[PDB]
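Student:
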Ligand code: FES
Ligand SMILES: [Mg+2]
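Chains as they are written, first to last, in full-length UniProt numbering: chain A, 2 to 136; chain B, 216 to 430; chain C, 76 to 174; chain D, 55 to 274; chain E, 2 to 58; chain F, 70 to 127, 136 to 176, 195 to 198; chain G, 46 to 141.
1. Using a Cβ-based criterion (distance less than 7 Å to any ligand heavy atom), does residue 241 of chain D qualify as near ligand 2?
2. Measuring from the CB of residue 201 of chain D, is there a heavy atom of ligand 2 at a distance below 7 Å?
3. If you drop the 5 nearest sequence neighbours on each side, which residues of the same chain put their C-beta closer than 6 Å to that of residue 87 of chain D?
4. Below 9 Å on C-beta distance, what does residue 84 of chain C contact in chain D?
5. Using a Cβ cut-off of 8 Å (strictly closer), state whether residue 252 of chain B contacts chain A.
6. In whole angstroms, what separates the C-alpha of residue 264 of chain B from that of residue 241 of chain B?
7. Give the single residue among D/133, D/90, D/56 and D/61 whose Cα lies nearest to the Cα of residue 71 of chain D.
8. Counting only Cβ-Cβ distances shorter than 9 Å, please list the residues of the region 110-124 of chain C near chain A, keeping chain order.
9. Are the beta-carbon atoms belonging to residue 149 of chain F and residue 264 of chain D less than 8 Å from one another?
10. Is there at least one Cβ from chain B nearer than 8 Å to residue 9 of chain E's Cβ?
11. Taking the continuous alpha helix (DSSP H) assigned at residue 382 of chain B, which residues delimit it?
12. Based on the DSSP secondary-structure assignment, which residues constitute the bridge partners of residue 140 of chain F?
13. Could you confirm whether any beta carbon from chain A is found closer than 8 Å to the beta carbon of residue 278 of chain B?
14. At least one CB of chain D closer than 8 Å to the CB of residue 70 of chain A: is that the case?
15. Please state whether DSSP places residue 250 of chain D in a helix, a strand or coil.
16. What's the C-alpha gap between residue 63 of chain D and residue 138 of chain D?
17. Figure out for me which residue from G/73, G/50, G/46 and G/87 has the closest Cα to the Cα of residue 108 of chain G.
18. If you run the structure through DSSP and keep just helix, strand and coil, what is residue 139 of chain D?
19. Of all the residues that make up the region 353-369 of chain B, which are near chain A by a beta-carbon distance shorter than 9 Å?
20. Using a Cβ-Cβ distance cut-off of 8 Å, determine whether residue 63 of chain C contacts chain G.
21. Can you list, in chain order, the residues of the UniProt domain "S5 DRBM" (218-282) of chain B whose Cβ is nearer than 8 Å to any Cβ on chain A?
22. Could you tell me which residues DSSP pairs with residue 71 of chain G in its beta bridges?
23. Within 7 Å: the Cβ of residue 99 of chain G and any heavy atom of ligand 1?
24. Going along the chain, which residues of the region 52-66 of chain A sit with their C-beta nearer than 8 Å to a C-beta in chain G?
25. Using the rule of at least 16 other Cβ atoms within 10 Å of the residue's Cβ for burial, across every protein chain shown, is residue 151 of chain D buried or exposed?
26. For the region 50-66 of chain G, list every residue whose C-beta sits within 7 Å of some C-beta in chain C, in sequence order.
27. Identify the continuous alpha helix (DSSP H) that holds residue 239 of chain D and give its terminal residues.
28. In chain order, what are the residue ranges of uninterrupted alpha helix (DSSP H) at least 4 long that sit wholly in the region 24-103 of chain A?
29. Who are the Cβ neighbours of residue 124 of chain F in its own chain at under 7 Å, not counting the five residues just before and after it?
30. By Cβ distance, which residues of its chain are closer than 8 Å to residue 271 of chain B, with the 5 residues on each side in sequence left out?
31. Closer than 8 Å is the cut-off here; do at least three beta carbon pairs connect the region 369-388 of chain B with the region 397-406 of chain B?
32. Just tell me which of G/54, G/103 and G/63 has its CA closest to the CA of residue 70 of chain G.
33. Quick one: what's residue 159 of chain C bridged to in DSSP?
34. In chain C, which residues lie less than 9 Å from residue 86 of chain A when you measure between Cβ atoms?
35. Please list, in chain order, all residues of the same chain as residue 172 of chain C whose beta carbon is under 8 Å from its beta carbon, the five residues on each side excluded.
36. Which residues, in order along the region 3-20 of chain A, keep a beta-carbon less than 7 Å from a beta-carbon of chain B?
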């Protein structure tokens, strides 16, 4: 039958080699499908090694420009009464509305961070947003 | 029926048990092969020697490596490996050179289908480690077609008997690479002192190149 | 016309929320054994909270409740452990039914 | 029989997407089903690094762009195997979804194994079941990890027995020995339900297309 | 294996590859070179590679 | 396989007809109790273990000729037990969603 | 390319480190009250950092200041100055 050395090559490589060598009398049902539509990576066994030196995982952190605005908003006001409806994909939190107002006001032309923050707060208060400052 | 089975080691192993004192068993290393590349090895533990033979030879055929042979008679390139404390140095050899290798390696190569190869074993000569390292190195060897596909260049063979005739033994499957490749003035390759000593003639071992029976 | 995955990740409510620490979310009790409410709140993992003594009978499957998240996934490496060990559940404090 | 075997078996291999599985899902659908969510960055497994878009507040996010291609390949392979009247065995030691998965199998005319995996169900199937038993032609892992967070022994056993394996790999999984890994969340109920629905639809579509092709050939 | 970087240098086959055989007039050759600096890099490699062969020939 | 069982069933029917003929009974109403009584009379064995006495009477295989098993939980190796557990768990789910002299 | 690609920057949500109570404040051997705030009322023993909750630098500074005050006649060695028993209890010790 087929070779059981799972750590030597892949199932496709072992099966093809055995069929070519004539050990396997007939190709398995999946061999033609694998040949037609191979996966992106050949399932060759690989032993995982832990990094030791200057090498580090290339998984970059996810950050956006609005992250600073969100951090400032959470520092000044906190979570707020409006709870997060994470089930709704289109849900917009109070922090999200503050970020949108900050972005549009910055697009208007204002550049100072403190001025943008205070104008956004006043605009949201006018709009009917309960921006209860914590400090 | 196309597979041949060969014994490589039969060891009597004893254990200290309170119930029976010294318990005796047989561990057998068995290599099987069809003489066409497909070969494997297995270990059988049993109280009876014939049972150990049966177990090992029936288990080996489920662990068959496929060894690629250049021109169906030799390895594709020299293989230097160190499995545990056993160094194996295999040299690709032309047709008719025979099997000048350790007797276990001679048997395993006969099972695989290799007819011409050189093999030197250094360090520990443990039979199990020797067999495992030999199979690892033979399975991990790179064929000419794989090299041509990897580097996108024609693999051309130069033979002294054929003069300056270039023999294109491999060609890339995909588009060919127009890079003329680096003309490396000096190859940074880790040579082996024994090979250099033999090439320069400084080696004068009274056991090398001894006339031996056909292998 | 389909937006790229980066746009969806950037505009997703989960990304809009910063660190989960003490954020207010709305969850749905999707399982009850005896007194342990298994509530999903849109994260990768659920949260298990003991049934409060006040209006305990009012907490049933499908009830919408308010949670204050403390960790989207409770993980902690241990001495000699190669990778962080996880309990496959989030940590939230159940406040009460959301209406 | 060659005029039959060729026309029914080999013909679907001439098409990039014979069963049109790419219409069954979209990146938006996977995003809604929380497929992209992963474990903490500490729990990250090395071989899952290429499939990770990034880390968001120490939480790994799975790149749905790669997930789309991997899921397309896996669904196409599963549909082709089902079309060839192969045996498909779903495996998941996640108790929470166990029942559901079993139902899906029973509804798609395929086989499930969510309970404890006894030692040797694949490597010793000739002795456990019988010398003439037929091992599965494809194994689908809805969860590649056992209850002690180690990889399922079924993965290694199927690799030993040369059985192709589709698998949903989270950030802490080991996609090395999986033939068609699909990087995605395996803990959220929405993600698991989406995977079950997708595989059920692929298998049912493949079986009905096989019936249609066989009937059309008979009417030829 | 043979010790050192580029052990091929310590072989008769590589030493005999030198194609420079000085005329009988040449008696002394001084090689002033800098261990650092890209402009002298080739010179360094020369000292690393061709000084043996030349001295062999 | 099922072919062997069917052959045994046909052989048992033919032998039942012969037994009814030998005893003079009606081959139609010649039931299992009549078969047992006739066998006990014709082959009187006094072995105490009733399983060892002569008897004329009427496990299976879980996959067809194509190799596909009939039960979707076959590969568990305990398909009957796990199917029963699955049904019980489904009934418990339904009950949860909707809401002596026996041992 | 696309603006939705994440940008490389430091954590804005990162909270500040939990600065010790004596951080940024000069510790002096003449401040017998502050030094007495970190010694056992009954035995005069200098509390460890697991009790005072101080960093290594401030723990070392407090220890050196206490030793200097004790050797220079500013602070009792075998106990706590009774006039400083009413000070706020910053140590995480519970005798009863
Ligand atoms: S906390 Fe700042 S000096 Fe210790
Ligand atoms: Mg997971």
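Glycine included, C-beta positions come from ideal geometry on N, C-alpha and C.
Tutor: Reading from the atomic positions:
1. Within the fourth chain, residue 241 of chain D is the residue found at index 187, counting from 1. Checking the Cβ of residue 241 of chain D against ligand 2 gives yes.
2. Here residue 201 of chain D refers to the residue found at position 147 of the fourth chain. Result no, Cβ not under 7 Å from ligand 2.
3. For the purposes of this step, residue 87 of chain D is identified with residue 33 of the fourth chain, where counting begins at 1. The residues are 244, 245 and 248.
4. As a first step, residue 84 of chain C must be located in the third chain, where it is residue number 9. The answer, in chain order, is 85, 90, 107, 108, 110, 115 and 118.
5. Translated into positions along the second chain, residue 252 of chain B becomes position 37. Yes, because at least one Cβ of chain A sits closer than 8 Å to the Cβ of residue 252 of chain B.
6. Sequence index remark: in the second chain, residue 264 of chain B carries index 49 (1-based). Sequence index remark: in the second chain, residue 241 of chain B carries index 26 (1-based). Near 6 Å, if we compare the C-alpha coordinates of residue 241 of chain B and residue 264 of chain B.
7. Taking the first residue of the fourth chain as position 1, residue 71 of chain D is located at position 17. Checking every option, the nearest Cα to that of residue 71 of chain D belongs to D/133.
8. 115, 116, 117 and 118
9. For this step, residue 149 of chain F is matched to residue 72 along the sixth chain. For this step, residue 264 of chain D is matched to residue 210 along the fourth chain. Against a cut-off of 8 Å, the Cβ pair of residue 264 of chain D and residue 149 of chain F comes out as no contact.
10. Against the fifth chain, residue 9 of chain E aligns to sequence position 8. With 8 Å as the cut-off, residue 9 of chain E counts as an interface residue toward chain B.
11. Counting from one through the second chain, the residue named residue 382 of chain B turns up at place 167. Looking at the DSSP string, residue 382 of chain B is not in any alpha helix (DSSP H); the run it does join, the beta strand (DSSP E), is 381-385.
12. Taking the sixth chain and counting its residues from 1, the one referred to as residue 140 of chain F is at position 63. F/146.
13. The residue you call residue 278 of chain B lines up with position 63 of the second chain. Judged by the 8 Å Cβ criterion, residue 278 of chain B is in contact with chain A.
14. Working through the first chain from its first residue, we reach residue 70 of chain A at position 69. Output row for residue 70 of chain A: interface = no.
15. Start at 1 with the first residue of the fourth chain, and residue 250 of chain D comes out as number 196. The answer is helix: DSSP assigns residue 250 of chain D an H, G or I state.
16. Here residue 63 of chain D refers to the residue found at position 9 when the fourth chain is read from its first residue. Here residue 138 of chain D refers to the residue found at position 84 when the fourth chain is read from its first residue. Going from the Cα of residue 63 of chain D to the Cα of residue 138 of chain D covers about 7 Å.
17. Mapped onto the seventh chain, residue 108 of chain G falls at position 63. For residue 108 of chain G, the nearest C-alpha among the options comes from G/73.
18. If you number the fourth chain from 1, residue 139 of chain D lands on position 85. Reduced to three states, the DSSP call for residue 139 of chain D is coil.
19. 354 and 355
20. Residue 63 of chain C is absent from the structure shown; chain C starts at 76 and stops at 174.
21. 249, 251, 252, 253, 255, 276, 277, 278, 279, 280 and 281
22. As a first step, residue 71 of chain G must be located in the seventh chain, where it is residue number 26. Answer is none; residue 71 of chain G lacks a bridge partner.
23. Against the seventh chain, residue 99 of chain G aligns to sequence position 54. Correct: residue 99 of chain G has its Cβ closer than 7 Å to ligand 1.
24. 61, 62, 63, 64, 65 and 66
25. Stepping through the fourth chain from its first residue, residue 151 of chain D is reached at position 97. Counting Cβ neighbours within 10 Å, residue 151 of chain D comes out buried, since at least 16 surround it.
26. 50 and 58
27. As a position in the fourth chain, residue 239 of chain D is number 185, starting the count at 1. Careful: residue 239 of chain D lies outside any alpha helix (DSSP H) and carries neither H nor E.
28. 32-37 and 67-78
29. To locate residue 124 of chain F, count along the sixth chain from 1; it is residue 55. Here the set comprises 108.
30. In the second chain, the residue the question calls residue 271 of chain B occupies position 56. Excluding positions up to five away in sequence, the list reads 243, 244, 245, 257, 258 and 259.
31. no
32. Here residue 70 of chain G corresponds to residue number 25 of the seventh chain, with the count starting at 1. Of the listed residues, the one whose Cα sits closest to residue 70 of chain G is G/103.
33. On the third chain, residue 159 of chain C is found 84 positions in, with the first residue counted as 1. Paired residue(s): none; residue 159 of chain C is not in a bridge.
34. Counting from 1 along the first chain, the entry for residue 86 of chain A is found at position 85. Ordered by position in chain C, the residues that pass the 9 Å Cβ test against residue 86 of chain A are 88, 100, 101 and 117.
35. Within the third chain, the letter at position 97 stands for residue 172 of chain C. Answer for residue 172 of chain C: 130, 133, 134, 138, 139, 140 and 141, listed in chain order.
36. 4, 5, 6, 9, 18 and 19
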